[PDB]
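J.: Structure file coords05.cif (mmCIF, C-alpha atoms; chains and numbers go by the auth columns) is given on the next line.
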data_protein
#
loop_
_atom_site.group_PDB
_atom_site.id
_atom_site.type_symbol
_atom_site.label_atom_id
_atom_site.label_comp_id
_atom_site.label_asym_id
_atom_site.label_seq_id
_atom_site.Cartn_x
_atom_site.Cartn_y
_atom_site.Cartn_z
_atom_site.B_iso_or_equiv
_atom_site.auth_seq_id
_atom_site.auth_asym_id
ATOM 1 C CA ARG A 1 -0.128 8.895 -10.660 0.00 1 E
ATOM 2 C CA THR A 2 1.294 5.441 -11.417 0.00 2 E
ATOM 3 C CA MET A 3 1.159 3.868 -7.959 0.00 3 E
ATOM 4 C CA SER A 4 -2.077 5.718 -7.066 0.00 4 E
ATOM 5 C CA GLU A 5 -3.884 4.054 -9.999 0.00 5 E
ATOM 6 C CA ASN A 6 -2.702 0.678 -8.641 0.00 6 E
ATOM 7 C CA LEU A 7 -4.446 1.670 -5.373 0.00 7 E
ATOM 8 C CA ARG A 8 -7.577 2.182 -7.559 0.00 8 E
ATOM 9 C CA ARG A 9 -7.102 -1.454 -8.864 0.00 9 E
ATOM 10 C CA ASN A 10 -6.823 -2.542 -5.196 0.00 10 E
ATOM 11 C CA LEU A 11 -9.912 -0.602 -4.075 0.00 11 E
ATOM 12 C CA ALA A 12 -11.852 -1.815 -7.126 0.00 12 E
ATOM 13 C CA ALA A 13 -10.938 -5.362 -6.059 0.00 13 E
ATOM 14 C CA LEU A 14 -12.056 -4.768 -2.418 0.00 14 E
ATOM 15 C CA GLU A 15 -15.495 -3.566 -3.417 0.00 15 E
ATOM 16 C CA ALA A 16 -15.847 -6.268 -6.097 0.00 16 E
ATOM 17 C CA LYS A 17 -15.053 -9.187 -3.742 0.00 17 E
ATOM 18 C CA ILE A 18 -17.118 -7.778 -0.874 0.00 18 E
ATOM 19 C CA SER A 19 -20.182 -6.968 -3.002 0.00 19 E
ATOM 20 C CA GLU A 20 -20.018 -10.367 -4.708 0.00 20 E
ATOM 21 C CA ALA A 21 -19.786 -12.039 -1.251 0.00 21 E
ATOM 22 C CA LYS A 22 -22.972 -10.128 -0.289 0.00 22 E
ATOM 23 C CA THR A 23 -24.857 -11.512 -3.336 0.00 23 E
ATOM 24 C CA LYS A 24 -23.451 -14.967 -2.479 0.00 24 E
ATOM 25 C CA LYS A 25 -24.900 -14.527 1.056 0.00 25 E
ATOM 26 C CA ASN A 26 -28.342 -13.920 -0.443 0.00 26 E
ATOM 27 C CA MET A 27 -28.086 -16.740 -3.008 0.00 27 E
ATOM 28 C CA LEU A 28 -26.650 -19.295 -0.594 0.00 28 E
ATOM 29 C CA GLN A 29 -29.042 -18.473 2.255 0.00 29 E
ATOM 30 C CA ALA A 30 -32.051 -18.550 -0.067 0.00 30 E
ATOM 31 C CA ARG A 31 -30.776 -21.730 -1.740 0.00 31 E
ATOM 32 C CA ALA A 32 -30.177 -23.300 1.693 0.00 32 E
ATOM 33 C CA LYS A 33 -33.693 -22.662 3.010 0.00 33 E
ATOM 34 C CA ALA A 34 -35.108 -23.650 -0.389 0.00 34 E
ATOM 35 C CA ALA A 35 -33.006 -26.820 -0.292 0.00 35 E
ATOM 36 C CA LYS A 36 -34.486 -27.644 3.167 0.00 36 E
ATOM 37 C CA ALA A 37 -37.909 -27.477 1.522 0.00 37 E
ATOM 38 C CA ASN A 38 -36.709 -29.470 -1.540 0.00 38 E
ATOM 39 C CA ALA A 39 -35.280 -32.059 0.894 0.00 39 E
ATOM 40 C CA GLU A 40 -38.703 -32.121 2.520 0.00 40 E
ATOM 41 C CA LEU A 41 -40.147 -32.747 -1.022 0.00 41 E
ATOM 42 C CA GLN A 42 -37.764 -35.744 -1.339 0.00 42 E
ATOM 43 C CA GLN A 43 -38.967 -36.741 2.174 0.00 43 E
ATOM 44 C CA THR A 44 -42.577 -36.301 0.909 0.00 44 E
ATOM 45 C CA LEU A 45 -41.782 -38.778 -1.885 0.00 45 E
ATOM 46 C CA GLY A 46 -40.685 -40.748 1.273 0.00 46 E
ATOM 47 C CA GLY A 47 -44.071 -39.835 2.901 0.00 47 E
ATOM 48 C CA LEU A 48 -45.515 -42.435 0.486 0.00 48 E
ATOM 49 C CA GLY A 49 -43.314 -44.956 2.412 0.00 49 E
ATOM 50 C CA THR A 50 -44.568 -43.625 5.799 0.00 50 E
ATOM 51 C CA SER A 51 -48.203 -44.304 4.691 0.00 51 E
ATOM 52 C CA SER A 52 -47.094 -47.694 3.284 0.00 52 E
ATOM 53 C CA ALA A 53 -45.927 -48.538 6.865 0.00 53 E
ATOM 54 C CA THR A 54 -49.647 -48.986 7.830 0.00 54 E
ATOM 55 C CA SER A 55 -51.233 -49.355 4.339 0.00 55 E
ATOM 56 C CA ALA A 56 -50.329 -53.069 4.722 0.00 56 E
ATOM 57 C CA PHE B 1 19.606 7.881 9.652 0.00 1 B
ATOM 58 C CA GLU B 2 17.834 9.177 6.525 0.00 2 B
ATOM 59 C CA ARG B 3 19.562 6.368 4.568 0.00 3 B
ATOM 60 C CA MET B 4 18.094 3.802 7.008 0.00 4 B
ATOM 61 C CA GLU B 5 14.690 5.385 6.268 0.00 5 B
ATOM 62 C CA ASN B 6 15.509 4.782 2.546 0.00 6 B
ATOM 63 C CA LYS B 7 15.720 1.080 3.543 0.00 7 B
ATOM 64 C CA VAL B 8 12.059 1.583 4.596 0.00 8 B
ATOM 65 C CA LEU B 9 11.563 2.785 0.962 0.00 9 B
ATOM 66 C CA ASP B 10 13.051 -0.577 -0.113 0.00 10 B
ATOM 67 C CA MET B 11 10.654 -2.290 2.367 0.00 11 B
ATOM 68 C CA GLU B 12 7.617 -0.704 0.678 0.00 12 B
ATOM 69 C CA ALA B 13 9.071 -1.673 -2.732 0.00 13 B
ATOM 70 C CA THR B 14 9.267 -5.242 -1.360 0.00 14 B
ATOM 71 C CA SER B 15 5.730 -4.946 -0.014 0.00 15 B
ATOM 72 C CA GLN B 16 4.263 -4.022 -3.445 0.00 16 B
ATOM 73 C CA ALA B 17 5.897 -7.145 -4.909 0.00 17 B
ATOM 74 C CA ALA B 18 4.793 -9.191 -1.836 0.00 18 B
ATOM 75 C CA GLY B 19 1.234 -9.796 -3.177 0.00 19 B
ATOM 76 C CA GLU B 20 2.861 -12.269 -5.625 0.00 20 B
ATOM 77 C CA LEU B 21 3.856 -14.604 -2.709 0.00 21 B
ATOM 78 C CA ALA B 22 0.148 -14.361 -1.754 0.00 22 B
ATOM 79 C CA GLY B 23 -0.691 -15.266 -5.429 0.00 23 B
ATOM 80 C CA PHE B 24 -1.904 -11.761 -6.449 0.00 24 B
ATOM 81 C CA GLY B 25 -0.392 -10.067 -9.529 0.00 25 B
ATOM 82 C CA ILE B 26 -1.131 -8.455 -12.941 0.00 26 B
ATOM 83 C CA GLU B 27 -3.368 -11.470 -13.797 0.00 27 B
ATOM 84 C CA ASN B 28 -5.878 -9.960 -11.323 0.00 28 B
ATOM 85 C CA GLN B 29 -5.692 -6.380 -12.686 0.00 29 B
ATOM 86 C CA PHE B 30 -5.775 -7.869 -16.252 0.00 30 B
ATOM 87 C CA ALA B 31 -9.458 -8.632 -15.605 0.00 31 B
ATOM 88 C CA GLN B 32 -10.197 -4.917 -14.970 0.00 32 B
ATOM 89 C CA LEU B 33 -8.400 -4.250 -18.308 0.00 33 B
ATOM 90 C CA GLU B 34 -10.361 -6.818 -20.355 0.00 34 B
ATOM 91 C CA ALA B 35 -13.421 -5.357 -18.555 0.00 35 B
ATOM 92 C CA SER B 36 -12.609 -1.621 -19.046 0.00 36 B
ATOM 93 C CA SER B 37 -11.851 -2.153 -22.758 0.00 37 B
ATOM 94 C CA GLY B 38 -15.296 -3.867 -22.915 0.00 38 B
ATOM 95 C CA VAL B 39 -16.787 -0.781 -21.127 0.00 39 B
ATOM 96 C CA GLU B 40 -15.360 1.505 -23.839 0.00 40 B
ATOM 97 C CA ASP B 41 -16.747 -0.904 -26.488 0.00 41 B
ATOM 98 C CA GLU B 42 -20.303 -0.814 -25.044 0.00 42 B
ATOM 99 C CA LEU B 43 -20.205 2.990 -24.422 0.00 43 B
ATOM 100 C CA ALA B 44 -19.040 3.428 -28.052 0.00 44 B
ATOM 101 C CA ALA B 45 -21.849 1.078 -29.227 0.00 45 B
ATOM 102 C CA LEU B 46 -24.347 3.138 -27.140 0.00 46 B
ATOM 103 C CA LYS B 47 -23.175 6.540 -28.506 0.00 47 B
ATOM 104 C CA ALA B 48 -23.273 5.093 -32.063 0.00 48 B
ATOM 105 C CA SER B 49 -27.123 5.181 -31.657 0.00 49 B
ATOM 106 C CA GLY C 1 38.586 -7.808 23.181 0.00 1 M
ATOM 107 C CA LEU C 2 35.402 -8.825 21.217 0.00 2 M
ATOM 108 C CA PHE C 3 33.209 -6.879 23.732 0.00 3 M
ATOM 109 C CA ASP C 4 34.313 -3.545 22.119 0.00 4 M
ATOM 110 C CA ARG C 5 33.158 -4.663 18.602 0.00 5 M
ATOM 111 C CA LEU C 6 29.945 -5.885 20.370 0.00 6 M
ATOM 112 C CA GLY C 7 29.691 -2.275 21.752 0.00 7 M
ATOM 113 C CA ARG C 8 29.265 -0.988 18.134 0.00 8 M
ATOM 114 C CA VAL C 9 26.475 -3.553 17.451 0.00 9 M
ATOM 115 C CA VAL C 10 24.563 -2.824 20.747 0.00 10 M
ATOM 116 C CA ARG C 11 24.723 0.934 19.894 0.00 11 M
ATOM 117 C CA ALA C 12 23.377 -0.197 16.465 0.00 12 M
ATOM 118 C CA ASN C 13 20.397 -1.696 18.383 0.00 13 M
ATOM 119 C CA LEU C 14 19.735 1.839 19.719 0.00 14 M
ATOM 120 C CA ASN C 15 20.262 3.148 16.128 0.00 15 M
ATOM 121 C CA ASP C 16 17.490 0.733 14.966 0.00 16 M
ATOM 122 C CA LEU C 17 15.050 2.039 17.635 0.00 17 M
ATOM 123 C CA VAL C 18 15.694 5.704 16.645 0.00 18 M
ATOM 124 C CA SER C 19 15.573 4.856 12.879 0.00 19 M
ATOM 125 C CA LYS C 20 12.154 3.146 13.456 0.00 20 M
ATOM 126 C CA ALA C 21 10.945 6.583 14.743 0.00 21 M
ATOM 127 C CA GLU C 22 10.950 7.724 11.024 0.00 22 M
ATOM 128 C CA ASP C 23 10.613 11.558 11.297 0.00 23 M
ATOM 129 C CA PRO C 24 13.848 12.305 9.323 0.00 24 M
ATOM 130 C CA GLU C 25 13.122 15.863 8.280 0.00 25 M
ATOM 131 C CA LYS C 26 13.886 17.268 11.770 0.00 26 M
ATOM 132 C CA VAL C 27 17.655 16.996 11.304 0.00 27 M
ATOM 133 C CA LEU C 28 17.349 18.197 7.662 0.00 28 M
ATOM 134 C CA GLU C 29 15.917 21.399 9.101 0.00 29 M
ATOM 135 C CA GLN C 30 18.727 21.583 11.705 0.00 30 M
ATOM 136 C CA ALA C 31 21.345 21.311 8.931 0.00 31 M
ATOM 137 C CA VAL C 32 19.846 24.030 6.717 0.00 32 M
ATOM 138 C CA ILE C 33 19.148 26.553 9.528 0.00 33 M
ATOM 139 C CA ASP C 34 22.749 26.274 10.841 0.00 34 M
ATOM 140 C CA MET C 35 24.105 27.015 7.351 0.00 35 M
ATOM 141 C CA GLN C 36 21.767 30.050 6.958 0.00 36 M
ATOM 142 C CA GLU C 37 23.511 31.887 9.840 0.00 37 M
ATOM 143 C CA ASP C 38 26.858 31.049 8.260 0.00 38 M
ATOM 144 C CA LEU C 39 25.508 31.993 4.764 0.00 39 M
ATOM 145 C CA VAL C 40 24.699 35.567 5.825 0.00 40 M
ATOM 146 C CA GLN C 41 28.293 35.936 6.967 0.00 41 M
ATOM 147 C CA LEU C 42 29.456 33.956 3.882 0.00 42 M
ATOM 148 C CA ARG C 43 27.756 36.323 1.465 0.00 43 M
ATOM 149 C CA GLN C 44 29.212 39.115 3.642 0.00 44 M
ATOM 150 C CA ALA C 45 32.655 37.570 3.092 0.00 45 M
ATOM 151 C CA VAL C 46 31.981 37.484 -0.685 0.00 46 M
ATOM 152 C CA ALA C 47 30.902 41.110 -0.385 0.00 47 M
ATOM 153 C CA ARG C 48 34.121 42.004 1.546 0.00 48 M
ATOM 154 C CA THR C 49 36.022 40.268 -1.257 0.00 49 M
ATOM 155 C CA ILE C 50 34.151 42.326 -3.844 0.00 50 M
ATOM 156 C CA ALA C 51 34.677 45.435 -1.662 0.00 51 M
ATOM 157 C CA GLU C 52 38.460 45.089 -1.834 0.00 52 M
ATOM 158 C CA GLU C 53 37.841 44.392 -5.547 0.00 53 M
ATOM 159 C CA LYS C 54 35.843 47.693 -5.778 0.00 54 M
ATOM 160 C CA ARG C 55 38.059 49.961 -3.618 0.00 55 M
#
As structure tokens, what does this structure read like?
T.:
Amino acid sequence: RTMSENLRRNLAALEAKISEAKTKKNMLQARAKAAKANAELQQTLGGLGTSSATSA
Amino acid sequence: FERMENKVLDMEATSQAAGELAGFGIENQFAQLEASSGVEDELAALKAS
Amino acid sequence: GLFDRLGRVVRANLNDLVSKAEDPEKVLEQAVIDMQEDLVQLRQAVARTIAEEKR
């Protein structure tokens, strides 16, 4: 029973790290695509400069 | 020959320690403890309803 | 010459290959089945000993 329960620690770790990596995949991918849009919002603050380039 | 196979028993004993060279030890399983004691606390708090 | 003491260590290479096979029980069985055939005669010998004791 003693070493077997340490295998249960090990298996509990495998599922924990793998499942957490799956939620990281969602969060990071979502955050990445979102960040491309937020970067385009910074660029849209820069869009005011692109209109300025002929507003003169 | 069987005694050599006991040296394979010593190899597995080495291998269970070996996680410590990879930086795994009780400090990892300690989290499941702090957690599982917390699980008993919340299940006790639930059944106290 | 040193080659004879090397002969022990090259036979130990073979001993490593056969140890790596790791199926030890098979000889454990051999040992205990050989003694069973002796044991039936051995108990018989004890019985003969008792038989002189009884007669």
J.: Residues of chain E no more than 10 Å from chain B, counting all atoms listed in the file: send them over as an mmCIF file with C-alpha atoms, in the frame of the given file.
T.:
data_model
loop_
_atom_site.group_PDB
_atom_site.id
_atom_site.type_symbol
_atom_site.label_atom_id
_atom_site.label_comp_id
_atom_site.auth_asym_id
_atom_site.auth_seq_id
_atom_site.Cartn_x
_atom_site.Cartn_y
_atom_site.Cartn_z
ATOM 1 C CA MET E 3 1.159 3.868 -7.959
ATOM 2 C CA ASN E 6 -2.702 0.678 -8.641
ATOM 3 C CA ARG E 9 -7.102 -1.454 -8.864
ATOM 4 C CA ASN E 10 -6.823 -2.542 -5.196
ATOM 5 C CA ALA E 12 -11.852 -1.815 -7.126
ATOM 6 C CA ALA E 13 -10.938 -5.362 -6.059
#
J.: Could you write out as a ChimeraX atom specification the residues of chain M within 12 Å of chain B, counting all atoms listed in the file?
T.: /M:12,14-28
J.: For atom CA of residue M:49 and atom CA of residue M:30, quote the distance in Å rounded to one decimal.
T.: 28.6 Å
J.: Just give me the gap between atom CA of residue E:32 and atom CA of residue E:51 in Å, one decimal is fine.
T.: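 Going from atom CA of residue E:32 over to atom CA of residue E:51 covers 27.8 Å.
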J.: Box in all listed atoms of stretch 6-16 of chain B, axis-aligned, with 5 Å more on each side; write out centre and edge lengths in Å to one decimal as AutoDock Vina command-line options.
T.:
--center_x 10.0 --center_y -0.2 --center_z 0.6 --size_x 21.5 --size_y 20.0 --size_z 18.0
J.: Could you work out how far atom CA of residue M:54 lies from atom CA of residue M:38, giving the answer in Å with one decimal?
T.: 23.6 Å
